[PDB]
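What follows draws every value from the coordinates through simple rules; no lab data is involved. Positions of Cβ are backbone-derived with ideal geometry, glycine not excepted, and every protein chain shown enters the neighbour counts.
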Amino acid sequence: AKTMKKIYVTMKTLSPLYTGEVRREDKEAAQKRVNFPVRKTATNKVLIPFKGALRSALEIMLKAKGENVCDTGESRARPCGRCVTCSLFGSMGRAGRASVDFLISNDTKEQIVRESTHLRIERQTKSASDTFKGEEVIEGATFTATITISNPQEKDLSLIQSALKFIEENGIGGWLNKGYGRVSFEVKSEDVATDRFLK
Amino acid sequence: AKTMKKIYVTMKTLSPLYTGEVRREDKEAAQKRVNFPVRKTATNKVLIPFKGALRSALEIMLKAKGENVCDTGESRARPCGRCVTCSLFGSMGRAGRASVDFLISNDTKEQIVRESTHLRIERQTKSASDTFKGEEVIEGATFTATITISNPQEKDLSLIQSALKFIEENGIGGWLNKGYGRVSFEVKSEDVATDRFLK
Amino acid sequence: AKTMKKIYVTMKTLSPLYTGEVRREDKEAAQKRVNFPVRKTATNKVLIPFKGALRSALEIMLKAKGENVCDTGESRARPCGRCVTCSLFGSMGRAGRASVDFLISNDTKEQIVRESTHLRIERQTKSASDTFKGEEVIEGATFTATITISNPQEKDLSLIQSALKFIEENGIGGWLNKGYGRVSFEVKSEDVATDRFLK
Amino acid sequence: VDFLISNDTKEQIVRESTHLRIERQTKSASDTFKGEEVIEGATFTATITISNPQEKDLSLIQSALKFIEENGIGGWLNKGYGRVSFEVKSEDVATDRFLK
Amino acid sequence: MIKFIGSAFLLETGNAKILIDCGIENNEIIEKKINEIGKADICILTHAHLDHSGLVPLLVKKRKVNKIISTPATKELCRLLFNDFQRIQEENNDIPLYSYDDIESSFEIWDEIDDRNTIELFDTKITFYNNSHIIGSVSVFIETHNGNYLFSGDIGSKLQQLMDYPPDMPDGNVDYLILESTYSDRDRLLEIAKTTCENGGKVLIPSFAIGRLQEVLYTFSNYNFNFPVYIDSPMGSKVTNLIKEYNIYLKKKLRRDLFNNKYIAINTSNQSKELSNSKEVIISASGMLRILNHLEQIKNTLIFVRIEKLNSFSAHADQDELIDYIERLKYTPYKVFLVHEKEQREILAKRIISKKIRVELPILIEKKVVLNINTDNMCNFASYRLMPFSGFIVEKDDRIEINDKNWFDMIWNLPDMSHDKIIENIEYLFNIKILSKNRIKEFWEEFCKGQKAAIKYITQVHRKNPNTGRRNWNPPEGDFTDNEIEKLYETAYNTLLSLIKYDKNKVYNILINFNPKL
Amino acid sequence: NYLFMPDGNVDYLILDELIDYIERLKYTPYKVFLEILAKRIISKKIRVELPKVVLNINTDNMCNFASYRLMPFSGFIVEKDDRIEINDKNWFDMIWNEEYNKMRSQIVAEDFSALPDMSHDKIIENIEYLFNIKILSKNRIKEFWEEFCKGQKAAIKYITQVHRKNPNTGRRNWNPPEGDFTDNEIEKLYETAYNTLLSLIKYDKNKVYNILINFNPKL
Amino acid sequence: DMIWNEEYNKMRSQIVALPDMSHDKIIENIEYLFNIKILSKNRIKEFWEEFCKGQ
Ligand SMILES: [Zn+2]
Ligand SMILES: [Zn+2]
Ligand SMILES: [Zn+2]
Ligand SMILES: [Zn+2]
Ligand SMILES: [Zn+2]
């Protein structure tokens, strides 16, 4: 507990990126203008969840490796606590050592957020049968997050970086099947002391 | 769940291509310069939607074959969830196995995107009635897209290759009946592990 | 539909062919060399628009016969959606069943495109008032297009062949009243299944 | 140590929110729930009143505030909630200030 | 509050940062300014001369500006100047400051508001007024809760023959002003150019393309010069067409064939060389630095704006016009921030101190809100202390105040068409598809910018091009004859022009019935 | 600077000879704190005053009308902890909808105002089996007793709410069972929970209270 | 809302048929349109919010 692992990640956006407004008030304010709002801050920066993506990446990969990892993604699934993702990301009984911040943007809305027209086309007519409007995050947009691991082990940085490469393969949030969310990660890791603030 | 299918798709444009700008700010900032802007990134690379083209192609061929597929492209049509296009590209209850990336150009808009004069000519007087300007991707441009299938079945690669042959025959993007968007495809499949990033 | 119609169209040039270059960068690069460059594929082939010579041809012949067809050549003239020209080539809300390819040349710029000189001559002094240097397509050049009809009807090949014969009578491309653009046509038509790629 | 009382009111700072639980094989929302949450940029005011102070108490409180800036305050600290900044205005008063 | 980077003025409104100008006067010095600018919510380009604009794509390149507010004509003149200056930066192949991508991204976040139109951004009310320098010259009035600030802009002159001569001014209270002290011989030109071409020789008038060549052209047009006139200028012809487009933002006398047709636009360089070989007025060059060949045959009356200097054609203000601009504001300002050489600022500051106004050469005034109604009769409904009240929001320049019915009773102690005829005409032209939802939406965006922006827009959509008879409307759906279609287009022109006269609430109530989103 | 002729700068003055004194100051006063003389002082281009934080949260449309400019607004004044604010009709509509939703939340159905049978031993056996596989949990048993003490109808309503297989998702609101089970056993255990709770619905209150203390001692 | 409109209209100037269907039918019809998904939960919720602002 005397040491702590700080993992500063910078996510560069390479494809478009849709994440969804979670706030009912912000949705209802924004669904008079756009049908799929982007999750933004009140300080007008884009918010992306990060803990669930890294967790899901690690459970998919470690279930594929054959390691004992419980599937927390099933409905009302209770984590066992005797896992390896349960130590990083928590269980019913022990909090996760890896506190994972949101991916907040360096820039703001109206600099990385753009407002787009999506379509749905009849197959036998080739005409626009439906139209909606979404909000998307442009390419080259930089997001920063910090993962602080409280009781660090050796496998934590490798597991986080692995999970990040799974996100660079699959996607970070939203419509990952139509091409959205393909991003890249740059990692800067350092091992600080816990008594670095105490003067 | 243990293995995953990579189809690396390299598309060479064989007749001038036009996918329209979708972003309202990008279309509005270009309307004094081009009447038809091409879908581009903020890194100035051409963006083409690909998941919808493959889905529409497979629905058209599988409906003309007689196999049970839903016609999702009708207005507000719920996908059935039991057809193989619902397996590959998703339903309202289950996502698609085949996460289809966008078709990203290898080159910049300065090298591959050109302005153009499209005409409408009167039929009696044989004279220029309307003149408009479009952006078009030149022939010889190379686009890349990676299709990742999460739970690969036996026929998914063959279904994607038949949809690619249909897209070569029909076209991708817009203005398809005028000769625009005729492409060529070079698929490079690869069966990767799901746990390959784990060190 | 269950079947589609493939019309492979081969065009031979009997009189020099000029169709005008459309790209602003290609025109501006051509200005020092020529004043009238030919429309050029960026892989050094010659592209002549086809839809517009088939649509215009069919509109003049069908309007002369008295069939209830509309004029798409007038200024911003909305296609009606009820004539066979609207069904074949497209309306403003239903796309055209006949996807008409561009006329891709079977040879290159260096073989069929020649750079030439035309004059404006005084009627009294019989001297060159003006000289201007254009470039047209040599005779004997072979061009290839493919018209794909998605939901074929009975009188679909006949209307396309009538439009082709009207094109040999009047010309395709530019400078048709001066003598340019007189062509020949050879049609190889076939019925394919829409599910011909599904393996 | 006083409570962190906000400067504003729920209709300006507390926003309902939709959280999800996604199945790892289907990528479908297996579960969801709705939790209220305080926005970013919301300002909270507290007062720490130290009686019989020593020398190190300012440094101790400021270091603990920097730790809370690092690690978060409240709940859901692992998924990214609670990341704040603190501004400190310290002042030494005399205990007989209220006596007129 | 106001930081002075340069022209570069930043206003920190506590809630947001409003940069006004970001101009161009080594690279590390320009970078010092851009780094100091910080994140600005807004850049307000007073005008486009590359001294109040220019380092704005850099602010878009390094992501420091969310949104750029200007005049529409300032936007298009900035477009021409940015492209041309990037072309020059490549002529001397100087590692360019910004790219063309930064130029195209600069208009991505641009926004246009014309004049007398108050845009509320981040607790600041911003309004634009004319100062008669160039086409979209603007003095900016930002009212913040810590004071009202006025950036004069290059106040123009009485010489201007293209703009008004009294630059317009906020009718409210101006606390701080940031004036600028850069500090009719025309007839002489109309004499001597009439002399020289009578002498058979040519005339040369080297002038800048932006806001200088057109005043030299206007004089040569409202007056008669039987000898021929030409423009051998590459941006110059395009900005002359920009005058002919954005003539509605000019003088009221010139609301309605500007510059007549005297000017012949020299389109090509071949025409430039053959014109320089001619025998038979040529306006060209930038500070007499195309121009080189003209110089040879004009050397073989060369006027500066036979060596000749004429000062009448000047655009910047004169000490007296700056003094008259401050002496015409309703309230004398608290402090004149005399910016932009030392000697001019010193002599103007003495006259200002002689006129008893303060100057600093680079007071907690809070615009409070007054309740002025009883709060004793409150109640608890759902955890809130509320009282329904009936009153009026009075907007006194010192302080906003809220008043009851007592106060209101005690203080009481363009073509025109009817609303029903406008409704009927918009409905009938919407059914025959002349007026469409895209047309109504584009009209609403231009009417949000101002009345004159919408007047230009409908003037553009209704102008029948003289070369090819294309009016730029949407054609009618039916079996109408040619004169009936022209009467329908006239009906659409007068209907939208008459709707321009109304207020925004009435226009929104009329149009949200055709396009339910505009 | 407040002056009540000082050559130094005077930002504020607190007062035809008056006009002469005011013009006689170096620079000019920003505001002077003085009727007709105040308006005459206004005529010399100098401002006059003539003698909780208030926040107008409102839209804006301004009719110049008289000499004073106005904006017609019947509305609401809200008193808060350190601020007073001004809101329109839409705020009061929103708080009215939220309060009215809070009202019907209350007095639902018949609080404190057609069932299968199985033996008491069977009921202890089924609740004891579903306690240890985490279906009938302690929160479930608590809200059972809360909906039971308000009557049998509320308990039937809550049980039909938990057991309702939603046709969109196919998910009942029970806690999923812990252990290795196939799907058919999972629905059979859910039906067991259905029948057990609906059968103890028919029993009296002291025969329920005594069956849920040995699972929830803080009932 | 009647008195508010009265005062607002009054003050603003100072400055300047439903089909009759029975309740049981209503219940049957919204049952049928909810089963066939025309009247969905989002539709009923939005119609409820628009009904809360007035008829
Ligand atoms: Zn576990
Ligand atoms: Zn399906
Ligand atoms: Zn038709
Ligand atoms: Zn200027
Ligand atoms: Zn200046």
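Annotations
- Just one of the listed residues (B:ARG94, B:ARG55) is surrounded by fewer than 19 Cβ atoms within 10 Å (Cβ to Cβ) and within 14 Å of chain A (Cβ to nearest Cβ), namely B:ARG94.
- Applying the condition of being within 14 Å of chain F (Cβ to nearest Cβ) and not small (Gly, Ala, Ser) to the range E:154-190 and asking which residue is farthest from ligand 4 (Cβ to nearest atom) yields E:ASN173.
- When G:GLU49, G:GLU7 are screened for being more than 28 Å from A:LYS27 (Cβ to Cβ) and within 11 Å of another protein chain (Cβ to nearest Cβ), only G:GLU7 passes.
- Filter pass, E:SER314 being within 16 Å of ligand 5 (Cβ to nearest atom) and in a loop (DSSP other than H, G, I, E, B): yes
- Test: B:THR148 is of a type outside the set (A, V, I, L, M, F, W, C), crowded, with 17+ Cβ neighbours inside 10 Å, under 25 Å from B:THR19 (Cβ atoms) and within 12 Å of chain A (Cβ to nearest Cβ): yes
- Identity of the residue in the range F:175-193, in contact with a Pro (Cβ under 9 Å, 6 or more places away or on another chain) and crowded, with 18+ Cβ neighbours inside 10 Å, that ends up nearest to F:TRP145 (Cα to Cα): F:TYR190
- Cβ pairs under 6 Å, 6+ apart, first in the range E:3-19 and within 14 Å of chain A (Cβ to nearest Cβ), second part of a strand (DSSP E or B) and more than 16 Å from ligand 5 (Cβ to nearest atom): E:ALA16/E:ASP41; E:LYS17/E:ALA40; E:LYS17/E:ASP41
- Strands (runs of 3 or more DSSP E) within the range F:1-88 that include 2 or more residues over 30 Å from D:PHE44 (Cβ atoms): F:12-14, F:31-33, F:72-79
- Scanning the range B:167-199 for residues that are among the β-branched types (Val, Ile, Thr), under 30 Å from A:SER56 (Cβ atoms) and buried (at least 16 other Cβ atoms within 10 Å of the Cβ) yields a single hit, B:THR194.
- Pairs meeting the criteria (first residue in the range E:252-273 and surrounded by 12 or more Cβ atoms within 10 Å (Cβ to Cβ), second residue among the hydroxyl-bearing types (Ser, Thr, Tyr) and assigned to a helix (DSSP H, G or I), beta carbons under 6 Å, at least 6 apart or on different chains) are E:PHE259/E:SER221; E:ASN260/E:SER221; E:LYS262/E:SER221; E:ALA265/E:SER237; E:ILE266/E:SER272.
- Number of residues in the range E:372-422 that are of a type in the set (A, V, I, L, M), out of contact with any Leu (no Cβ under 8 Å at 6 or more places or on another chain) and exposed (fewer than 15 other Cβ atoms within 10 Å of the Cβ): the value is 2.
- B:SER75 near ligand 2 (Cβ under 10 Å from one of its atoms), of a type outside the set (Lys, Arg) and surrounded by fewer than 22 Cβ atoms within 10 Å (Cβ to Cβ): no
- The conditions of being of a type in the set (A, V, I, L, M), more than 16 Å from ligand 5 (Cβ to nearest atom), assigned to a helix (DSSP H, G or I) and within 14 Å of chain F (Cβ to nearest Cβ) are not met by E:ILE298.
- Sole exception among (1) more than 17 Å from E:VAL369 (Cβ to Cβ); (2) facing another protein chain (nearest Cβ under 8 Å) for F:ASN90, by number: (2)
- Members of the range D:62-89 found to be farther than 15 Å from A:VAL100 by Cα and within 11 Å of another protein chain (Cβ to nearest Cβ), listed by number: D:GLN62, D:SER63, D:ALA64, D:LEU65, D:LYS66, D:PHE67
- Within the range E:150-167, the residues that satisfy the criterion of being under 20 Å from E:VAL305 (Cα atoms) and polar (S, T, N, Q) are E:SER157, E:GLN160, E:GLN161.
- None of E:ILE243, E:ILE291, E:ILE248 is β-branched (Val, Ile, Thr) and in contact with a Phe, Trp or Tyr (Cβ under 9 Å, 6 or more places away or on another chain) except E:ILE243.
- Taking the range E:139-153 as the range and being of a type in the set (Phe, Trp, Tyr), away from ligand 4 (no atom under 16 Å from the Cβ) and under 16 Å from the mean Cα position of the chain (by Cα) as the test, only E:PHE141 passes.
- Each residue in the range A:64-74 was checked for being more than 9 Å from ligand 1 (Cβ to nearest atom) and more than 20 Å from the chain's Cα centre (by Cα), and 4 of them qualify.
- Residue in the range E:21-29 that is within 16 Å of ligand 4 (Cβ to nearest atom) and touching a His at 6+ places or on another chain (Cβ under 7 Å) present: yes
The rows are residues; the columns are (1) surrounded by 11 or more Cβ atoms within 10 Å (Cβ to Cβ); (2) on the phi > 0 side of the Ramachandran plot.
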{"residue": "F:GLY8", "(1), (2)": "no, no"}
{"residue": "F:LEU15", "(1), (2)": "yes, no"}
{"residue": "F:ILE36", "(1), (2)": "no, no"}
{"residue": "F:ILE42", "(1), (2)": "yes, no"}
{"residue": "F:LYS45", "(1), (2)": "yes, yes"}
{"residue": "F:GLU49", "(1), (2)": "yes, no"}
{"residue": "F:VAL53", "(1), (2)": "no, no"}
{"residue": "F:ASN56", "(1), (2)": "yes, no"}
{"residue": "F:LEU70", "(1), (2)": "yes, no"}
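- Of the residues making up the range F:45-87, those that are more than 9 Å from chain E (Cβ to nearest Cβ) and of a type in the set (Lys, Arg) number 1.
- Set E:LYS433, E:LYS437, E:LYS464: member being over 30 Å from G:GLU7 (Cα atoms) and in contact with an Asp or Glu (Cβ under 8 Å, 6 or more places away or on another chain): E:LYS433
- The range B:29-40, residues that are crowded, with 20+ Cβ neighbours inside 10 Å and over 15 Å from the mean Cα position of the chain (by Cα): B:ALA30, B:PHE36, B:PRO37
- Within the range E:426-439, one or more residues are farther than 30 Å from E:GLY147 by Cβ and within 10 Å of another protein chain (Cβ to nearest Cβ).
- Residues in the range G:10-39 that are among the polar types (S, T, N, Q) and at the interface with another protein chain (Cβ under 9 Å from one of its Cβ atoms): G:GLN14 alone.
- Some residue of the range B:166-175 being part of a helix (DSSP H, G or I), more than 25 Å from C:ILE48 (Cα to Cα) and more than 16 Å from ligand 5 (Cβ to nearest atom): no
- Options A:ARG120, A:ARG114, A:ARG196: the member that is charged (D, E, K, R) and under 30 Å from C:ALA1 (Cβ atoms): A:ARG120
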